[PDB]
Every structure is written in C-alpha cells, then in structure tokens.
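Report on one structure; see the data block that follows.
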Protein chains: 6
Amino acid sequence: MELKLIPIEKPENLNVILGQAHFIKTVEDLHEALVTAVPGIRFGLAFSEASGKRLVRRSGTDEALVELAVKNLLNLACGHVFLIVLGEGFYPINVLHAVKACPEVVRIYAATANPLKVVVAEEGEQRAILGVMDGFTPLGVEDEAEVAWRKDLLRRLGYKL
Amino acid sequence: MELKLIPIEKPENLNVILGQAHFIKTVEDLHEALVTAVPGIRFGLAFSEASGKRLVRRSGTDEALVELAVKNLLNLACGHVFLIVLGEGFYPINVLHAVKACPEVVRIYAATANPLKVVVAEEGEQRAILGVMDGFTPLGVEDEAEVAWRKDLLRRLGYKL
Amino acid sequence: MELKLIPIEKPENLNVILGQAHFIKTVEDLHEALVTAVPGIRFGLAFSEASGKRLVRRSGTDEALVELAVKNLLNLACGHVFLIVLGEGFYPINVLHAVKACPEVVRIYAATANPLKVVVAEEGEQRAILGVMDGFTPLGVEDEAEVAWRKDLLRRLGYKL
Amino acid sequence: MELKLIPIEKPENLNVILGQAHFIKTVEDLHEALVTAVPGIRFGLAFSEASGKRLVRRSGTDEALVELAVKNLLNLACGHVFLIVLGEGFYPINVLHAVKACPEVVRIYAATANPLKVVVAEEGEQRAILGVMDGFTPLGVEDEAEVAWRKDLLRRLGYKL
Amino acid sequence: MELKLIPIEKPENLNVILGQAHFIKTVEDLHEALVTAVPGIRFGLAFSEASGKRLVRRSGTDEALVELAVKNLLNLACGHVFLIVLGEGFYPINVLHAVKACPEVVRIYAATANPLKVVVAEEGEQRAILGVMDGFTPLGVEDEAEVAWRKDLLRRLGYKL
Amino acid sequence: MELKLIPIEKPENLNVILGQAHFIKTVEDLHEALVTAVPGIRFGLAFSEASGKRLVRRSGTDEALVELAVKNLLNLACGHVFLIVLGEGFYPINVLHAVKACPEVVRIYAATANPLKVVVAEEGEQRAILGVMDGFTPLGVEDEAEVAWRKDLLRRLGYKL
C-alpha cells in the first residue's frame with residue numbers, strides 16, 4: 001500500500017463538493033436534485049463507477065464544469081467517489097441539503113472554494129480517500145474586532161438580518 | 001502508530017453499511033430504524049463499544065448476518081464503529097435515510113456491495129478508520145452510447161420512468 | 001507529507017463533536033442550531049477559517065468551554081474543521097440532528113465522551129483530518145447477560161419504555 | 001360554498017397516504033421516491049393537476065392500485081391533492097420519509113388503514129380539503145394492562161426489542 | 001355532519017404540539033424522540049387510537065402533563081390525533097424536528113403557547129380536525145422601531161448573535 | 001363562529017407558500033433559510049404574530065413582494081400564519097426543503113402558482129385556516145398521449161434526463 005497527495009485542479013475560488021456514493025443511479029439522482037434545488041444552476045457532476053464496466057460517469061448543465069469534474073475524478077481514480085463542480089455564483093450551502101439527502105450519497109468529504117489536495121491510499125486496483133486538505137492552517141484567533149467583522153459581513157452579504 | 005489494511009468479509013451479493021456512532025443506544029435505535037424503514041428486512045448489525053466493558057454489541061433479524069457483522073468488527077477493532085450487513089434483495093438506498101437520521105450515528109464510511117477494504121491507524125489500544133477502498137479504479141469514461149445504456153438500465157429496473 | 005496523532009484535552013465527563021464545514025457563517029449557524037435545539041444548553045464552539053486572515057472563530061455560553069474548543073482546534077490546525085464542546089449534562093444525541101442539518105456542515109468525524117486522538121496529515125501550510133481514535137478496541141462480544149444489561153440500562157435511563 | 005364528506009375506499013388491510021403537492025413533476029418524483037425506499041414495493045399513485053388541462057395524472061406498479069387511486073381522486077376532485085395506495089405488506093412508516101422529503105409535496109393529510117372520510121369545501125370549480133375523519137372516536141383511556149398489551153404487541157411484531 | 005369549536009385546556013405558561021399520526025408505535029416512538037432531543041424534558045403525550053379498542057394512549061415524564069394531554073384528547077375525540085403538552089421551559093422549537101421526523105407522524109396542526117381552540121367536524125362516531133385558532137388576529141404592521149425591537153429581543157435571549 | 005372564503009392576491013407569474021409557524025424567530029429564520037437556499041432569490045415574507053404586539057411582521061429582498069405578502073396576511077387575519085411570495089423565476093421546489101426544516105414551521109398549507117382561496121373559520125378575535133382551494137377540479141384523466149406529453153415536458157425543461 002502507498003499514500004499519495006492529489007491536488008484538485010480548478011480555477012481559483014471555484015466551489016466543489018467531493019463525496020462518496022454508490023449505485024449507478026447516483027448520476028441522474030444528483031443531477032435532478034441540483035436542478036430542483038436552484039433554478040438555472042450551472043454545474044458539472046462526475047461519479048466513479050467501481051464495478052462492472054468501471055466507467056467514470058458524468059452529467060451536468062455546463063460543459064466547462066463537467067470537464068473539470070471528469071478530469072479531476074480520473075486523477076483521483078477512487079471507486080465510488082463523486083465530484084460536483086459549481087459555477088460562479090452558486091454555492092454549496094444552496095445544495096448540500098440535496099446532496100446529503102440523496103439516497104445514493106454515503107458521505108461528503110469536503111465542500112469548498114479553497115485550494116484542495118486529497119490524501120489517498122492505493123493497493124492493487126483500488127484506492128481510498130483518507131482525507132482532504134481544505135485551505136490552510138490557522139494563523140491565530142479572532143479578537144473582538146474580528147468577531148464584529150464577521151457578524152457585520154454576513155449582514156452586508158444578506159445572510160443575517 | 002501503524003497503518004493497516006483490513007478486508008471486509010462478505011458474500012458478493014450482500015450490501016454493507018459501515019459507519020461511526022456513539023452511545024450504547026446505537027444498537028436498538030439502528031435495529032428499529034431498519035425494521036421501520038423496510039418490511040421484513042433481513043440484516044445483521046454490530047457496534048463496537050469503546051469504553052466500559054468494551055464489548056462488540058449486536059442485533060439483527062438473521063443470525064448468519066449478525067455473525068458476519070460481529071466477525072468483521074472484531075477484525076476492524078475500531079472504537080465506536082458500526083456495521084450493518086443487509087440480506088439479499090435489501091439495499092442501502094432503501095435504508096441510508098434511517099441510518100443518517102439515527103441520533104447516535106455520526107457518519108457513514110461506506111455503503112456498498114463491492115469488495116471492501118478498510119484503512120486503519122493503530123496506536124496502543126486504539127484504532128481509527130482512515131478510509132475505505134470501495135470497488136475498483138476507473139477503466140475509462142462513458143460515451144453517449146454508454147449514457148444511453150445506463151438510462152435504459154434504470155428504466156428496465158423500474159427506477160426511472 | 002507527514003502523519004501526526006493529536007490528542008484532545010478535556011474533562012472526562014464532557015462530550016465533543018468534531019467535524020468539517022465551510023464558510024464563515026458556520027459559527028453563527030451552529031451556535032443558533034444548538035440553542036434552538038436545547039433550552040439552556042451550555043457549550044463552546046470553534047471553527048477554523050481556512051482562507052483570508054485564517055483565524056479560528058469562536059462562540060459559546062461559557063468561557064471555559066469556549067477555551068477548550070479553541071485550544072484543541074488550534075492544536076489540530078486543519079482548515080475548515082469545527083469543534084463543539086458540550087457542557088455537563090448535554091449530549092450529542094440531543095444536537096447531532098442540528099449539526100447534520102447545518103447548511104455549512106459537510107460531515108462529522110466524531111461525537112464522543114471517550115478519550116480521543118485525531119490522525120492528521122500535513123503538507124506545507126495545510127493539514128487534513130484522516131480519522132479519529134475514539135475510545136478503545138473491543139475486548140470481546142456481549143453474551144446474553146450483557147444484552148439484557150444494555151436493554152435494562154436504557155429503560156432505567158428513561159430512553160426506552 | 002358547501003361542505004361535503006367524501007369516503008376513501010380501499011381494501012381493509014391496505015394503507016393510503018393522502019396529501020397536497022404541486023407541479024406536474026409530482027408524479028414521477030413520488031413514484032421514484034417510493035420504489036427507492038422499499039424494494040419490490042407495490043402501489044398506485046394519482047395526482048390532481050390543478051390548472052392547464054386539469055387532468056388527473058397517475059403512475060404505479062400495480063394496475064388495480066393505480067385504478068383505485070384514480071377513482072378515489074376523481075371523487076375527491078380537489079386541485080393539487082395526491083393519493084398513494086400501498087399494496088398489502090407495505091406501510092406508511094416505510095415511506096413517509098420519502099413522501100415528506102419530496103420537493104413537490106407540501107403536506108400530508110392522512111396516512112392510515114382505517115375507514116377514511118374527507119371533509120371538503122366546494123365553491124364554483126374549486127374544492128379544498130378541510131380535514132380527515134380517520135377511524136373512530138375514543139371509547140376510553142388505556143389502563144396499565146393495556147399499556148403492557150401494546151408494548152408486548154410491538155415486541156411480538158419485532159418493532160421493539 | 002356538525003361543526004364544533006373545542007378549546008384546548010392548558011396553563012398559559014405551557015406549550016402544546018397537536019398533530020396527526022397513525023399506528024400504535026406512535027406512543028413509544030414520540031416519547032423516545034422527545035427524551036432523546038432534550039435531556040430531562042418534562043412532557044405529557046396522548047394519542048387517540050382510532051380502531052380496535054379505540055383507547056386514548058398515554059406516556060410521559062410528568063403525570064400532571066400526561067393527564068392534561070389525555071383530558072384534552074377525550075374532549076377532542078378525533079381518531080389518530082396526538083397531543084404533546086410541554087412542561088415549563090421546554091419549547092416546540094426544541095423538539096419539532098423530532099416530531100416531524102417520527103415515521104408515524106403525518107402532520108402537525110399547531111405548536112404554540114397561545115390560547116388555542118380546535119375546529120372539528122363530527123359525523124356518527126368519527127371526528128375530523130379542520131383547523132386551529134392559534135392566538136389572535138393582527139392589529140397592524142410592524143414599523144422600523146418594532147423591527148429593531150424584535151431583533152434586539154432575540155439577541156438578548158441568546159437566539160441570535 | 002362563521003366560515004369565510006378569502007382569495008389570495010397573487011399575480012399570475014408568481015408562486016406563493018402559505019403555512020403555519022410560531023414564535024417571533026420565524027421571521028429571521030425563514031428569511032435566512034430562503035437566502036441560504038437560493039442565491040439572489042427575490043421574495044417577500046410576512047408572519048402574523050398572534051400574541052404580544054400581534055403585528056404582521058415583514059422581511060424580504062423585494063419591497064413590492066413584501067408588501068404583497070403583508071397585504072394578504074392582513075386580509076387573512078389568522079394568528080401564526082406565514083406567507084412567502086416568490087419573485088418570477090423562483091419556485092417552491094427550490095425552497096420547500098428549507099421551509100419544512102425551519103424549527104418554527106409547523107406545517108405548510110399550500111405552495112402554488114395557481115389561483116388560491118383560503119377557507120377560514122372566525123370566532124371572536126381568532127381565526128383558523130381550515131383549508132385551501134388551490135386551483136381547480138379535474139376535467140378528466142390523462143390518456144397515453146398525455147402521459148407521453150408530461151414525460152416529454154420534463155425532459156425539455158431539464159428536470160428529467
């Protein structure tokens with residue numbers, strides 16, 4: 001067995017959702033969950049079939065995003081992993097409810113717009129995702145000014161009243 | 001600390017759901033969640049108590065399946081992990097909702113019928129599940145003909161109209 | 001890349017919930033989810049901002065609980081990880097529903113009162129949580145007397161009728 | 001405006017789920033939710049399109065059940081109401097989660113195997129479901145022997161341990 | 001058929017949750033859901049069995065509250081209705097998630113601390129809950145000072161930051 | 001007591017969600033749930049406070065939509081009812097998950113883009129919503145050609161593959 005670190009290649013600030021699913025119906029169900037959750041949502045979805053034909057499956061509403069999802073899943077090469085790439089202006093908070101609720105979804109490793117690397121283990125014709133390096137290590141702790149800043153930020157973004 | 005690879009023993013046609021929980025009530029709650037979700041469901045369930053007597057706990061509607069869940073948990077030897085072995089014809093899409101919603105369940109590592117191996121870390125009398133190798137690596141990417149084939153499959157199975 | 005084992009410090013009787021989220025709104029949303037779930041709940045919450053100023057963000061009801069959450073999270077030093085430390089008498093089964101449903105929450109690594117150690121991977125200015133050592137390995141399998149004990153236990157605690 | 005009482009007819013041992021939804025996608029979504037929840041489930045589903053051509057829509061896995069669902073819905077004649085008739089051995093507790101979570105479902109009026117009558121208000125070419133007469137009025141309050149009886153029943157059925 | 005207006009008897013300091021369920025397991029499941037949601041919760045639960053012996057079923061952690069729940073159900077006399085009376089300091093927001101998710105629960109008519117009256121329709125030995133008069137009619141529309149106050153109130157109570 | 005029929009004012013290109021909630025936190029919680037669910041969502045929200053100041057509370061991202069929601073609630077005058085008016089292009093299927101999950105939300109009466117009327121009961125200074133006339137009665141049942149039509153429609157719309 002060997003460990004590897006695989007960076008996810010994507011434009012800066014682009015949001016992705018990396019998870020684990022099962023059953024071929026994962027593709028149609030997640031595509032449907034996403035378009036039902038947000039009108040006009042632009043995304044790309046890829047799912048790594050882990051048996052039978054063992055083909056990476058894809059679906060989406062934006063070819064640029066579908067390409068990113070597929071190419072990255074080919075690099076990861078992990079059975080049953082899925083990757084959703086969201087277009088600009090679309091966020092994981094808008095759709096995580098639908099991903100979590102999908103009957104084929106088992107778990108979600110990460111949802112983020114930060115640079116990310118995936119820790120994987122490999123043995124024979126199998127690979128496992130061990131974790132995700134999401135963004136960077138902390139540089140300190142917020143002071144009163146920073147506490148006021150994040151509270152105020154959410155109000156200006158329209159997320160808090 | 002040492003890293004180990006533990007294969008999960010199970011008949012190829014059976015599905016297993018491996019996860020993390022806490023509190024002894026995990027056993028009765030999951031058993032109840034399963035029988036409430038699917039009528040006549042056959043399964044075996046085991047939970048690894050991580051303190052006190054530190055005993056593997058089990059419950060089920062099929063003795064052979066219960067034994068299989070317990071045997072695998074003894075090999076995994078990870079505190080607070082649980083394993084459900086579903087009988088033939090019962091699938092994770094039928095019950096993941098109930099497992100996800102169980103108050104004691106923290107997360108699910110895998111739900112699958114594919115060959116499964118678990119990466120674990122060990123230190124002293126403690127073990128951690130780091131990830132799972134679920135099925136195999138991708139052999140390629142589907143083309144439109146294959147997309148048509150998987151759509152056809154779901155309609156023939158009655159999952160899509 | 002290097003693997004490390006990080007122990008969690010806290011009184012024996014306190015429960016902690018360790019997970020992965022994203023977006024700064026994680027703090028207010030989780031704080032609100034907790035106080036909405038249980039009246040008079042006491043806790044400390046910390047979230048590791050993984051971009052920008054990269055500051056650990058915190059919120060809570062008692063200074064001692066907040067210190068525990070922040071102190072441990074700083075030791076873990078993993079982007080987008082969050083840690084909730086529950087005060088005496090408040091349990092994960094009481095609030096996991098609200099944590100799982102939080103739109104910023106991606107997954108939960110562990111919920112426990114047992115001694116806990118976290119397996120992490122580090123590369124440059126990034127770290128990833130690979131897994132958790134929750135409590136200890138199993139010493140055996142429950143027999144009939146122990147099955148009876150755990151069933152009776154739940155009735156005496158008032159969790160089962 | 002006038003009030004009417006509409007009986008819902010079905011085989012004594014079968015369960016019906018009567019609710020309110022919207023959007024034509026209600027039919028395929030509920031059919032899929034049902035077959036995904038329970039393997040081999042037999043049911044009949046009907047939905048009353050409230051605008052456009054105003055046609056009762058239907059789908060299912062059993063002709064007799066689909067016919068029953070449509071006939072009952074035609075008698076109800078209420079825009080956006082849906083009715084599911086479950087085959088023998090399939091219960092609302094097995095599928096309510098999926099009906100509740102369906103994006104088109106607004107609410108559920110009843111889920112029962114009891115004699116059922118629906119109170120409706122009518123005005124012009126519009127009708128509203130005001131409530132349901134589900135079974136009969138109480139004849140008294142259980143004493144402890146009856147408590148013991150209902151507890152024993154659930155243990156005999158395998159719903160409680 | 002006749003319409004009746006039935007006032008709910010409840011101390012001004014208590015909250016109630018009135019809903020519709022089915023199957024005898026409603027009693028143990030809802031009691032379990034409440035005690036799992038909030039530690040030390042005080043409540044009374046009653047459920048109107050609508051077939052068989054047709055007995056009001058009861059369970060709870062406070063005898064006075066259980067009796068009040070039963071008294072109200074005897075007055076309402078509606079098949080399959082359930083009533084939870086919450087003790088002082090325990091609120092519906094703390095437990096509605098568990099009530100909504102209970103597999104036997106079909107819907108919830110009301111959750112409130114306000115004076116409540118139930119509109120019912122009666123025909124033979126059957127009754128239907130048509131709606132609830134929850135509190136009083138509006139006296140106007142909030143101005144900016146009132147918006148500011150309702151926001152400040154939630155911050156002083158600790159529900160918002 | 002008297003029954004009344006109250007029409008809901010709603011331009012044809014808009015959708016509404018009418019429901020029942022409780023507690024003043026309903027306003028901020030629902031507004032937050034909506035903006036977290038869909039980016040840039042345009043809506044108006046009104047809530048009929050049924051205690052204390054008894055004011056129709058208002059919040060939203062579009063002044064005209066907010067005013068429409070408020071106007072309708074002044075006409076309905078039912079304690080604890082809430083109304084969300086969605087701007088053109090935003091649909092109930094996009095947000096019902098968030099409304100259902102809101103801790104203050106008890107139930108949803110209707111979600112629709114069709115003409116709506118509300119049946120209400122009035123006694124003293126209280127009113128109860130008894131039901132909703134959502135759209136119209138059925139004109140018939142779909143035949144095979146119409147089934148084919150509704151299936152085709154969803155594929156053209158991109159909701160089904």
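Going through the structure tokens in order, the chains are called A, B, and so on, while each chain numbers its residues from 1 and the ligands are numbered from 1 in the order shown.
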_Polymer residues at most 10 Å from residue 100 of chain F, only C-alpha atoms, same-chain spacing of 2 or more positions, as a PyMOL selection string_ = (chain D and resi 100-101+106-107) or (chain E and resi 97+100) or (chain F and resi 19+30+95-98+102-108)
Could you write those residues out with C-alpha atoms, as a compact mmCIF listing (two decimals), in the first residue's frame?
```
# COMPACT_ATOMS: atom_id res chain seq x y z
CA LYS D 100 -42.30 14.23 3.25
CA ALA D 101 -38.95 14.93 1.59
CA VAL D 106 -46.48 20.43 0.60
CA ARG D 107 -48.17 18.39 3.32
CA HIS E 97 -37.56 18.32 14.38
CA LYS E 100 -41.74 15.90 12.15
CA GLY F 19 -48.09 27.98 6.11
CA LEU F 30 -37.36 31.86 7.27
CA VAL F 95 -37.12 26.24 -1.23
CA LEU F 96 -39.72 23.94 0.35
CA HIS F 97 -36.95 21.87 1.93
CA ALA F 98 -35.83 24.95 3.89
CA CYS F 102 -37.38 25.66 9.80
CA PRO F 103 -37.72 24.97 13.56
CA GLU F 104 -40.60 27.44 13.87
CA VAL F 105 -42.57 25.99 10.96
CA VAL F 106 -45.39 23.65 11.98
CA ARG F 107 -46.94 22.96 8.58
CA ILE F 108 -47.44 24.24 5.06
```
_Residue neighbourhood segment 57-65 of chain A, 8 Å, only C-alpha atoms, exclusion window fewer than 5 positions, as a list in words_ =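 Here the answer would be residues 27, 28, 31, 41, 42, 43, 44, 45, 46, 47, 48, 49, 70, 85, 86 and 87 of chain A; 141, 142 and 147 of chain B.
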*List every residue of segment 17-134 of chain E that DSSP, applied to the backbone, labels as strand (DSSP E or B), and write the result as a VMD selection string.*
chain E and resid 17 to 21 43 to 48 55 to 60 81 to 86 105 to 112 116 to 123 126 to 134
Please build the interface table for chain D against chain F with a cut-off of 8 Å, listing for each qualifying residue the nearest atom pair and the distance in Å to one decimal; count only C-alpha atoms, order rows by chain and increasing number, and write it as a Markdown table.
```
| residue | atom | partner | partner_atom | distance |
| --- | --- | --- | --- | --- |
| D:20 | CA | F:110 | CA | 7.3 |
| D:21 | CA | F:111 | CA | 7.5 |
| D:22 | CA | F:112 | CA | 6.2 |
| D:23 | CA | F:112 | CA | 7.9 |
| D:24 | CA | F:150 | CA | 7.4 |
| D:25 | CA | F:154 | CA | 7.2 |
| D:48 | CA | F:138 | CA | 6.5 |
| D:49 | CA | F:138 | CA | 6.9 |
| D:50 | CA | F:135 | CA | 4.6 |
| D:51 | CA | F:135 | CA | 6.0 |
| D:53 | CA | F:139 | CA | 7.1 |
| D:54 | CA | F:138 | CA | 4.9 |
| D:55 | CA | F:141 | CA | 4.8 |
| D:56 | CA | F:141 | CA | 4.5 |
| D:57 | CA | F:142 | CA | 5.8 |
| D:58 | CA | F:142 | CA | 7.8 |
| D:74 | CA | F:138 | CA | 7.2 |
| D:77 | CA | F:137 | CA | 5.1 |
| D:78 | CA | F:137 | CA | 5.3 |
| D:79 | CA | F:136 | CA | 5.0 |
| D:80 | CA | F:134 | CA | 6.6 |
| D:101 | CA | F:97 | CA | 7.2 |
| D:103 | CA | F:93 | CA | 4.9 |
| D:104 | CA | F:93 | CA | 5.8 |
| D:106 | CA | F:108 | CA | 5.9 |
| D:107 | CA | F:108 | CA | 6.1 |
| D:121 | CA | F:119 | CA | 7.8 |
| D:125 | CA | F:137 | CA | 5.6 |
| D:126 | CA | F:136 | CA | 4.7 |
| D:127 | CA | F:133 | CA | 5.4 |
| D:128 | CA | F:133 | CA | 4.4 |
| D:129 | CA | F:131 | CA | 5.8 |
| D:130 | CA | F:131 | CA | 4.7 |
| D:131 | CA | F:130 | CA | 7.7 |
```
*One decimal, Å: what's the distance from atom CA of residue 35 of chain A over to atom CA of residue 16 of chain A, could you say?*
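Atom CA of residue 16 of chain A lies 16.0 Å from atom CA of residue 35 of chain A.
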*Please run DSSP on the backbone and report, as number ranges by chain, all residues within segment 17-149 of chain F that come out as alpha helix (DSSP H).*
F: 26-37, 63-76, 92-101, 144-149
*Could you check how far atom CA of residue 1 of chain F sits from atom CA of residue 8 of chain E, in Å to one decimal?*
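Taking atom CA of residue 1 of chain F as the start and atom CA of residue 8 of chain E as the end point, the length is 16.5 Å.
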*Rounded to one decimal place, report the atom CA of residue 89 of chain F-atom CA of residue 39 of chain A distance in Å.*
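Computed distance, atom CA of residue 89 of chain F to atom CA of residue 39 of chain A, equals 7.3 Å.
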